[PDB]
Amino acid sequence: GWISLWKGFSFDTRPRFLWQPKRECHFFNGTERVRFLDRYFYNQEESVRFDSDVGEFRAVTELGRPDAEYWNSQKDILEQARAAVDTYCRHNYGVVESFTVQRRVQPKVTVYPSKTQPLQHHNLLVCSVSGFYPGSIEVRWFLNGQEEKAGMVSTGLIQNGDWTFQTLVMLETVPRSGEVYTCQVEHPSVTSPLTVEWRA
């Protein structure tokens, strides 16, 4: 299919002036509930906005006040915006859905000891989860069937910018012989949880 753009409407120390249109389509439960926003930003400051849940243009700052009023008086401009949820959002959703909403890339999970600082014996177990999509993920540490919930630091979700994610979850522990640690990963690319064991 052909992605259709939203055309929108018409209104070194030297100074810069920046114009930022943002056309947002918010989807809930597929295209069951869709929300469209036409947002115009001047020097990072929103001036005028069309929100499909409101049904008319609104000035966010005084700078956008003339255009919100004029656009709201135009039957044709206003009905174009109110139709955008269909002519624009739902259209583009059907075009890109197969390789965006449905994209699934499996994580690579590895476990390795590390150190908080120059120490003599490893005091961190690192569960490295990388290369996955989408970003929704759960990473849990277990020590012999008991979930370790204390003494954990995570990098959080790291977006690599190439449609893959990465995350590291560190367990603060000096491993003792006979202890079996399990990192458990839940991700929509796999039906069951992923587990990776590490022994001292």
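Numbers for residues come from their place in the sequence shown, where the first is 1.
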(message) For the step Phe11 to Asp12, what size class fits the number of deposited residues with no coordinates, none, 1 to 3, 4 to 9, or 10 or more?
(response) 10 or more
(message) Please compare 51-59 with 29-37 and say which has the higher mean C-alpha temperature factor in the record.
(response) 29-37
(request) For the higher mean C-alpha B factor in the entry, choose 91-99 or 113-121. (result) 113-121
(request) Quick one: which of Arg16, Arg176, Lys22, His187 shows the highest Cα temperature factor in the PDB entry? (result) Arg176
(message) Please say which third, lowest, middle or highest, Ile3 falls into when its CA temperature factor is compared across its chain.
(response) middle
(request) Could you say whether, by C-alpha temperature factor, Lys75 belongs to the lowest, middle or highest third of its chain? (result) highest
(request) Using the B-factors in the PDB entry, rank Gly145's C-alpha atom against the chain and give the third, lowest, middle or highest. (result) highest
(message) Quick check on the deposited entry: does the C-alpha B-factor of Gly131 sit in the lowest, middle or highest third of its chain?
(response) lowest
(message) For the chain shown, is the CA B-factor of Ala200 in the lowest, middle or highest third of its modelled residues?
(response) highest
